[PDB]
Amino acid sequence: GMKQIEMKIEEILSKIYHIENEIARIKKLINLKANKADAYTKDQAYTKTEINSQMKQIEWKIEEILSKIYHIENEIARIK
Amino acid sequence: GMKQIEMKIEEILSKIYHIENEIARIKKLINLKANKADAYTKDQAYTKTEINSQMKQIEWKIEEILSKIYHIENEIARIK
Amino acid sequence: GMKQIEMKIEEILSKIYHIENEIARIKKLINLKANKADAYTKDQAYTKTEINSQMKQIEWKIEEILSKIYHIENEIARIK
């Protein structure tokens, strides 16, 4: 009965040691993860697609502007 | 005394089993978190507000440009 | 032999208690980390440098436009 208990104590001490190592590993894994406080949520930042869409809109207005300028330069050349 | 020790062994084995489970859960939770290496910090990316402010400044220059163009088109029409 | 086992049970219960506390701490650390689902990967967002580069390109086209407009206004003034 007493030798029995001893073998169970050994089993428990091994498991505890294995657990302590798992916990050490877990801590290191946690330190490689980004904190809420350092990362931007999706609400707080635009995606690449959203930015592309806004840049596109600007690009179209720039093209409209350039076509109008070219048309004006032409009108002026005809006046001269 | 020996039955006492036995009841404590049972308690310990239950706690250990419960701990092992907790650790299994924890690992899975960790895998749903973003790594520092894959996420952008706040100083590496602009917020929506910061982007809005920069887009606004561009828009004001566009409005100035378009007013000037419209005005020029009118000056030309009057010349013709 | 039996008092020996008792002192080992105490030693084990202390380790278990210490482990439980480590796990409690770990859980709280995990809740301060950003979830993949709430953060943007680097693939999904532009950096400040990337945005600056795109803004700069727009600003250069705006400068070119404003110089052309000024030049045009002057040509028109000379015609009148």
# chains A, B, ... in the order shown; residues from 1 in each chain; ligands from 1
>>> calpha_fit_rmsd(fixed="chain A", moving="chain C")
0.3 Å
>>> residues_around(residues="residue 5 in chain A", least_positions_apart="4", cutoff="9 Å", atoms="only C-alpha atoms", output="PyMOL selection string")
(chain A and resi 1+9-10) or (chain B and resi 5-6+9) or (chain C and resi 5)
>>> write_last_selection(atoms="N, CA and C atoms", output="short mmCIF file (atom, residue, chain, number, x, y, z; two decimals), in the first residue's frame")
data_model
loop_
_atom_site.label_atom_id
_atom_site.label_comp_id
_atom_site.auth_asym_id
_atom_site.auth_seq_id
_atom_site.Cartn_x
_atom_site.Cartn_y
_atom_site.Cartn_z
N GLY A 1 0.84 -1.24 0.00
CA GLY A 1 0.00 0.00 0.00
C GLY A 1 0.85 1.25 0.00
N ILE A 9 3.08 9.25 -6.16
CA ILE A 9 3.76 10.50 -5.90
C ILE A 9 4.73 10.78 -7.06
N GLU A 10 5.43 9.76 -7.52
CA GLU A 10 6.40 9.93 -8.62
C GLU A 10 5.68 10.37 -9.89
N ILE B 5 -4.00 10.07 3.26
CA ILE B 5 -3.07 10.34 2.17
C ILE B 5 -3.71 10.01 0.84
N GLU B 6 -4.38 8.87 0.78
CA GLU B 6 -5.12 8.49 -0.40
C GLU B 6 -6.14 9.54 -0.82
N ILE B 9 -4.28 12.26 -2.49
CA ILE B 9 -3.81 11.88 -3.81
C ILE B 9 -4.94 12.07 -4.83
N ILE C 5 5.76 11.02 3.35
CA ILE C 5 4.77 11.14 2.30
C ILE C 5 3.92 12.38 2.52
#
>>> interface_residues(of="chain B", to="chain A", cutoff="7 Å", atoms="only C-alpha atoms", output="list in words")
residues 33, 34, 35, 36, 39, 40, 41, 42, 46, 47 and 48 of chain B
>>> atom_distance(atom1="CA of residue 56 in chain C", atom2="CA of residue 67 in chain B")
22.8 Å
>>> atom_distance(atom1="CA of residue 14 in chain C", atom2="CA of residue 28 in chain A")
23.6 Å
>>> select_by_dssp(residues="range 2-78 of chain B", states="strand (DSSP E or B)", output="VMD selection string")
chain B and resid 33 35 39 41
>>> decode(residues="range 28-62 of chain B", atoms="C-alpha atoms", output="tab-separated table (two decimals), in the first residue's frame")
chain	number	residue	atom	x	y	z
B	28	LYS	CA	-6.27	27.19	-28.46
B	29	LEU	CA	-7.06	30.71	-27.22
B	30	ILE	CA	-3.46	31.70	-27.95
B	31	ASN	CA	-3.78	30.51	-31.56
B	32	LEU	CA	-6.68	32.90	-32.14
B	33	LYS	CA	-4.40	35.90	-31.24
B	34	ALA	CA	-2.35	37.95	-33.71
B	35	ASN	CA	1.46	37.75	-33.69
B	36	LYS	CA	3.55	40.89	-33.34
B	37	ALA	CA	5.33	39.82	-36.55
B	38	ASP	CA	2.05	39.81	-38.60
B	39	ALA	CA	0.33	42.91	-37.21
B	40	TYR	CA	1.10	46.58	-37.65
B	41	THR	CA	1.82	48.73	-34.58
B	42	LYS	CA	0.04	52.06	-34.20
B	43	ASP	CA	3.00	54.11	-35.24
B	44	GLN	CA	3.34	52.07	-38.52
B	45	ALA	CA	-0.14	52.74	-39.82
B	46	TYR	CA	-2.47	55.78	-40.09
B	47	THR	CA	-5.90	55.72	-38.48
B	48	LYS	CA	-9.08	56.40	-40.38
B	49	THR	CA	-9.16	59.89	-38.86
B	50	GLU	CA	-5.59	60.62	-39.99
B	51	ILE	CA	-6.37	59.36	-43.48
B	52	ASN	CA	-9.63	61.41	-43.57
B	53	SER	CA	-7.73	64.52	-42.62
B	54	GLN	CA	-5.18	64.00	-45.43
B	55	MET	CA	-7.92	63.23	-47.98
B	56	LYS	CA	-9.74	66.38	-46.91
B	57	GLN	CA	-6.69	68.52	-47.60
B	58	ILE	CA	-6.47	67.03	-51.09
B	59	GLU	CA	-10.18	67.66	-51.64
B	60	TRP	CA	-9.78	71.35	-50.75
B	61	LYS	CA	-6.99	71.69	-53.36
B	62	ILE	CA	-9.24	69.95	-55.88
